[PDB]
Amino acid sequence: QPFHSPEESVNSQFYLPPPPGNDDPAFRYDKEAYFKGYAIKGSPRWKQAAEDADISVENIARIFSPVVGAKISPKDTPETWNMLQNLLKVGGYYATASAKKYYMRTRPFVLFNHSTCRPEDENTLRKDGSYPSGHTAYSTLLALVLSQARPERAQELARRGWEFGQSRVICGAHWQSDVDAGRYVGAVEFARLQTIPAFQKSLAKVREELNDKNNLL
């Protein structure tokens, strides 16, 4: 079960500013950012962006294990394995819902008629509000939670968290401003989770699994 209900997340439509408009400096920048990523298409950083695009637990685990420095599997780290999925629901979905639905911002690949670095998701995304990025809110939240469980890896986690969000831009699924907003959303939800007992309980166990000598790499 999720740490809290959809209604228990801080309303993102209230604290986030509206999306950059057609003539705002930020939007001119969003377009420039979009084309910079489209230009390096097919390249390695572009491929990495395609990998970061997959948010299934298996892939998140594969990506963060090296960064956090511990094996992450349903067998060795069962609580950490639920934490990753639980955080995706409340952070990527619940926390971004109201803002996303209220603005229904059009995605760049849709506006310019180009495919993304991961064509599979293109149909789902077409109908999802672009602002703010749920992927980013999730990866930011994840980075902060794991930093709390294993602070010795804080800098690596903060760094990877950031690049995971930048992958969305380069991929063509989001605008730079969607990602900038998503990061703030991730921090706000992280602060909200700290007051929920179920989370404190879960985190204690996660802290135990990731610092377990039998799980370190």
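The first residue of the shown sequence is 1; numbering continues from there.
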Using only the Cα atoms and their B-factors as the entry lists them, report which of 182-190 and 164-172 averages higher.
-> 164-172
Stretch exceeding the other in mean C-alpha B-factor - 116-124, 82-90 | 116-124
Out of 149, 157, 33, 49, which one has a C-alpha B factor higher than all the others in the entry?
-> 49
Chain-relative CA temperature factor third for residue 144 | lowest
Of the three thirds of Cα B-factor ranks in this chain, residue 39 occupies the highest
Residue 60: C-alpha B-factor third of its chain, per the entry, is the middle
Lowest, middle or highest third of the chain for the C-alpha temperature factor of residue 99?
-> middle
If you rank the chain by CA B-factor, which third does residue 22 end up in: lowest, middle or highest?
-> highest
